[PDB]
Structure formats: structure tokens, C-alpha cells
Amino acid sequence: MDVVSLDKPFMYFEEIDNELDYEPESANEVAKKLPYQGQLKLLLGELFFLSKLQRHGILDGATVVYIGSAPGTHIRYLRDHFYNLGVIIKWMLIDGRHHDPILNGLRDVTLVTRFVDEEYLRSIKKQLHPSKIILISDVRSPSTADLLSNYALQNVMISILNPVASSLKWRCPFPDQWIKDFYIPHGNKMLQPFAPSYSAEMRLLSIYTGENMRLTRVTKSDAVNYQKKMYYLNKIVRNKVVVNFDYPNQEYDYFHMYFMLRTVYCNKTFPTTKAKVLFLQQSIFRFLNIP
């Protein structure tokens, strides 16, 4: 077995302290071990993001505009969570596909069947005004050309919507498939537990202060770094069993999940962090129908 003692997990991309030469054969390896692993991945990353905003006092009263939200089964848990905690939020879920029916009938959540474009963004901006907007993007067209296209639209979501914060899907294009350098918003590169086995994807978390918007260029060299660091994390790190982690599951992803969940706010008072986390995880797994 691949056992180890870890202090904490890598929470952000910059923390990854090693790299590996990408083995193309890994793409043939089993991408997922858990049922509904994708919603879980999204639910933890989004609970983490939103709890932070709560922590900074910018969640209550905002309208969360989620683009690329369908089916969105996990968004129901996210909504109930903050709704039961008492935070006042309006959810506007927009996608061209259809949303899970469990999202229907909630006065606080509006579902829109529309693929968004720049023109549309301007109309929802005029219709949401003057509410504070929190943006979450998970749109998917893929080719490097498809990616750049998606990232370009995400930057327009921000310029037009002008949110107080944003969570954006972020996977750097492959170096061997470079087309051109581009700019993404500045933010924390949040690592995702339960992402597909060899996924190089993360979520960009940003909070907008003042009336400025800071961007950062992404070059092919960066793409090489992304590939090597994410390859090292997936092949080695995520396959570690943290023996000094006293919890029902000791695999790296549960250790990583633990650290994300310990930052979430709950109503019930627990004697320990372990008790709150166990509670949140059980609740999450039961909701998603994960054994």
C-alpha cells in the first residue's frame, strides 16, 4: 500500500511542490471511482467558495448567477444549506439544457433555458440591477480552440455582470496543443478533490475589490508547468493513504475534502471539527446517493 503522513493537503495549485513528465497512457486509466463523483466534485468546490464569501460578509443578499448549471442536481443541496442557515440569496440558473426537476418550485431559484451570449449577459445585467451578483461558471463547449472560446466568454461574464466575486472553471490547454497566449482573471487556483483521476482542472476563485479587474497571462511555458504539477498530484499525491489522518476514509481525496468541509458553517454545534466534517460528509453523500 502507498501510505504516508501528511500535515495538510495541497489546497491551491501554487502549493504543489513537485512535478512529473506526463505519461499519455494515463488517459486510458479509470477516470472515476465514485457514483455521481462529478456533482460531489462541484458541490465541495462550490460549498468552499460560497462559505468564504459568507466569511467575508458578501453572500447575504446577493443573486448567484450560475451559468452552465444543468442538470445541477447538487445545486439543490447548496441552496438548501444556505437557505436553512438563514442567508438570503436568489439563484438564477441559466443553461440551454434542462435542469433537474428537484430545482423547480422554489421561489428563490429561477431556471432559465438559454445559452448565454454577450448580448444576453447585458439583458440579465439590466434585469438583475441593482442586486449584487456572484458568478459561478461551469460552461463546456475539448479543442484548445474550444477552451479559449469558453475562457473568453467567462471574462465577458465578469466585465458585463460585474460581480462581487466569481468561481470559474479553469483547465489550462495542453502545451503540445498551444495556439496562443491568453489572459484569465486573477484568483486562487482551487484544487478539486474527487476530480476525475487525471484531470488538470481546477476552479478560479476571485473577489472583486474597487472597480479594477486584474488579469494574468498564460503562456505555453505555464501550460508545461500546469501539466507537470497536475500530473504529479494525480499520479502520486492523490494516490496517497494518509495514515496519520484518523477518519473513516484515509485516502488523499477524503483528507483534501476534510479540509474544505471544515470551513463550512453549520447550525448544529459540534465538540470537534471531525464531528462537524463527518456530519457534513454523511449529509452530502446521502443527498447525492453515494454509498
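The first residue of the sequence shown is number 1, and the count goes up from there.
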Unresolved deposited positions lying between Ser141 and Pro142 come to 4 to 9
Read off the CA B-factors in the entry, average them over 37-45 and over 229-237, and name the higher stretch.
229-237
With respect to the recorded C-alpha B factors, which stretch has the higher mean value, 3-11 or 282-290?
3-11
So among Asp80, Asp95, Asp108, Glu118, who wins on Cα B-factor in the entry?
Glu118
If you compare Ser167, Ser123, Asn155, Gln192, which has the highest Cα B-factor in the entry?
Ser123
Chain third (lowest, middle, highest) by recorded CA B-factor, residue given as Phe255:
lowest
Quick tally, chain-level thirds of C-alpha B-factors: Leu205 sits in the lowest
Split the chain's modelled residues into thirds by Cα B-factor; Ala31 lands in the highest
Ranked against its chain, the third holding the CA B-factor of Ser197
middle
Assert third(CA B-factor, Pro175) within chain per record equals highest
